[PDB]
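As a starting point, one isolated chain is supplied in structure tokens, in the form deposited in one PDB entry.
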């Protein structure tokens, strides 16, 4: 049981083989979820499930640099369901973040921010009950 928005420090940033696991339940009438891997004010990796973008469900991924969003990467696959418990796993790999939801691979996001060891916070926000947020080295 955690308060949202929640900040998970990532000491010394991220590194390949670091696995971040987020457990929570989507609220009933959810509109959005966001994970923001931050390098100071920059957002190295924004992972943003949108439950009603012109009556479609889509996950938007992006990077924010000097307060400007870049070019979005969008996937059709949408494994979240309002009202239901989920698990998000983000595994840092040498070239990308690799995301699985409920043990199924979902997407990869190539590293735009290169200074992995400065991506030192994860913000978790949106329309969820957040149960836990943690990391481990695999």
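Residue numbers count along the first chain shown, from 1.
Beyond the structure shown, there is the form solved in complex with a small molecule, which is absent from this document and is the topic of what follows.
Using a 4.5 Å heavy atom cut-off, which residue among 101, 60, 107, 26 comes into contact with the small molecule in the bound PDB entry?
Answer to the contact question: 60.
Just give me the single entry in 87, 96, 32, 84 that has a non-hydrogen atom within 4.5 angstroms of the small molecule in the bound PDB entry.
Checking each option against the small molecule in the bound PDB entry, the one that comes within 4.5 Å is 32.
Check for me whether the small molecule, as it appears in the bound PDB entry, comes within 4.5 angstroms of all of 16, 39 and 114 - heavy atoms only.
Not one of the three qualifies.
I'd like to know whether residue 21 contacts the small molecule in the bound PDB entry, with contact meaning heavy atoms within 4.5 angstroms.
Judged by the heavy-atom cut-off of 4.5 Å, residue 21 is well away from the small molecule in the bound PDB entry.
Give a yes or no for residue 78: in the bound PDB entry, does one of its heavy atoms lie within 4.5 Å of a heavy atom belonging to the small molecule?
Although the small molecule is absent here, residue 78 would stay clear of it in the bound PDB entry, with no heavy atoms inside 4.5 Å.
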